[PDB]
Amino acid sequence: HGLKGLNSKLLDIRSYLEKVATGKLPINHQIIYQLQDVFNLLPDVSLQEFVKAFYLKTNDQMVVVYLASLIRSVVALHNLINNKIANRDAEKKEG
Amino acid sequence: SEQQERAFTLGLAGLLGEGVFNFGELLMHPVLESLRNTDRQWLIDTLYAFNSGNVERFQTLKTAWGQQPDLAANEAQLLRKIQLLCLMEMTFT
């Protein structure tokens, strides 16, 4: 979706300039002037509130990665303890 | 010679309309731009003032120099239309 979105608008913007270079009339502008300004609607960068969204998004990843470390402790606890139990037991009983 | 005044009073009735504050896009329409070339350039320049402007107090007065009638009623409406027109262009520029 990313890369096909790159070459989509690329070749589509290649048609945007090619139609102005060759093919006139016209195609400019039944929609050219308004559509291209819709492209110029949002640049869209900070300052300001977009900086607040940054560390807020950082505050969003907090919980999920915190939970990630929680699953790490639970998965490591259960699997490692139980496996070493059944491991050391099978070795000491058979050997 | 007919279409120069035709697109003139068209530019008057279209610019003085309250429902359309600018519509500077269709002011550039290619079939009417040759009709605007025959027209005097004070109308085209003041249509660029309503295209961008906004003030540009000299051109909005120049259309009062060029067209005496029907402007006296809609003059204050045009001033309100350009005062709300600059708001999009100041954040867009």
# chains A, B, ... in the order shown; residues from 1 in each chain; ligands from 1

$ residues_around --residues "range 69-86 of chain B" --least-positions-apart "4" --cutoff "6 Å" --atoms "only C-alpha atoms" --output "number ranges by chain"
B: 16, 21, 54, 90

$ write_last_selection --atoms "C-alpha atoms" --output "tab-separated table (two decimals), in the first residue's frame"
chain	number	residue	atom	x	y	z
B	16	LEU	CA	-21.66	41.97	-6.94
B	21	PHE	CA	-17.53	36.11	-2.53
B	54	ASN	CA	-7.91	41.63	-0.32
B	90	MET	CA	-3.51	34.44	5.10

$ interface_residues --of "chain B" --to "chain A" --cutoff "12 Å" --atoms "only C-alpha atoms" --output "list in words"
residues 23, 24, 25, 26, 27, 28, 29, 30, 31, 88, 89, 91, 92 and 93 of chain B

$ select_by_dssp --residues "range 29-83 of chain A" --states "helix (DSSP H, G or I)" --output "PyMOL selection string"
chain A and resi 32-39+49-83

$ write_last_selection --atoms "C-alpha atoms" --output "mmCIF file, in the first residue's frame"
data_model
loop_
_atom_site.group_PDB
_atom_site.id
_atom_site.type_symbol
_atom_site.label_atom_id
_atom_site.label_comp_id
_atom_site.auth_asym_id
_atom_site.auth_seq_id
_atom_site.Cartn_x
_atom_site.Cartn_y
_atom_site.Cartn_z
ATOM 1 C CA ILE A 32 -6.828 21.492 -11.820
ATOM 2 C CA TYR A 33 -6.877 24.716 -9.784
ATOM 3 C CA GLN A 34 -9.166 23.374 -7.049
ATOM 4 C CA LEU A 35 -7.771 19.834 -6.878
ATOM 5 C CA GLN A 36 -4.186 21.099 -6.714
ATOM 6 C CA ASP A 37 -5.162 23.550 -3.981
ATOM 7 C CA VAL A 38 -6.712 20.612 -2.105
ATOM 8 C CA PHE A 39 -3.204 19.147 -2.322
ATOM 9 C CA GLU A 49 -0.314 21.293 18.514
ATOM 10 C CA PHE A 50 1.372 18.728 16.253
ATOM 11 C CA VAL A 51 4.272 18.816 18.731
ATOM 12 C CA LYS A 52 1.795 18.002 21.505
ATOM 13 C CA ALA A 53 0.528 15.044 19.469
ATOM 14 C CA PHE A 54 4.119 13.750 19.336
ATOM 15 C CA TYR A 55 4.764 13.095 23.028
ATOM 16 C CA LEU A 56 1.070 12.297 23.444
ATOM 17 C CA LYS A 57 1.612 9.503 20.922
ATOM 18 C CA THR A 58 4.677 8.670 23.012
ATOM 19 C CA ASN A 59 2.316 8.520 25.993
ATOM 20 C CA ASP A 60 0.108 6.207 23.907
ATOM 21 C CA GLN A 61 2.896 3.691 23.246
ATOM 22 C CA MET A 62 3.645 3.673 27.009
ATOM 23 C CA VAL A 63 0.742 1.416 27.957
ATOM 24 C CA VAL A 64 1.121 -1.107 25.135
ATOM 25 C CA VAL A 65 4.872 -1.572 25.596
ATOM 26 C CA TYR A 66 4.359 -1.693 29.367
ATOM 27 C CA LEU A 67 1.901 -4.528 28.749
ATOM 28 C CA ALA A 68 4.502 -6.058 26.422
ATOM 29 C CA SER A 69 6.996 -6.263 29.293
ATOM 30 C CA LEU A 70 4.211 -7.782 31.402
ATOM 31 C CA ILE A 71 3.618 -10.586 28.892
ATOM 32 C CA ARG A 72 7.398 -11.057 28.735
ATOM 33 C CA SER A 73 7.520 -11.680 32.488
ATOM 34 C CA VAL A 74 4.489 -13.994 32.429
ATOM 35 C CA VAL A 75 5.626 -16.011 29.397
ATOM 36 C CA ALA A 76 9.174 -16.308 30.731
ATOM 37 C CA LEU A 77 7.957 -17.249 34.217
ATOM 38 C CA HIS A 78 5.587 -20.043 33.157
ATOM 39 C CA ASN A 79 7.551 -21.563 30.268
ATOM 40 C CA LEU A 80 11.041 -21.374 31.794
ATOM 41 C CA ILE A 81 10.066 -22.658 35.252
ATOM 42 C CA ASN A 82 7.889 -25.502 33.964
ATOM 43 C CA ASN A 83 10.365 -26.537 31.266
#

$ residues_around --residues "range 39-44 of chain B" --least-positions-apart "2" --cutoff "12 Å" --atoms "only C-alpha atoms" --output "PyMOL selection string"
chain B and resi 1-12+15+24+27-28+32-37+46-51+58-67

$ atom_distance --atom1 "CA of residue 45 in chain A" --atom2 "CA of residue 15 in chain A"
27.3 Å
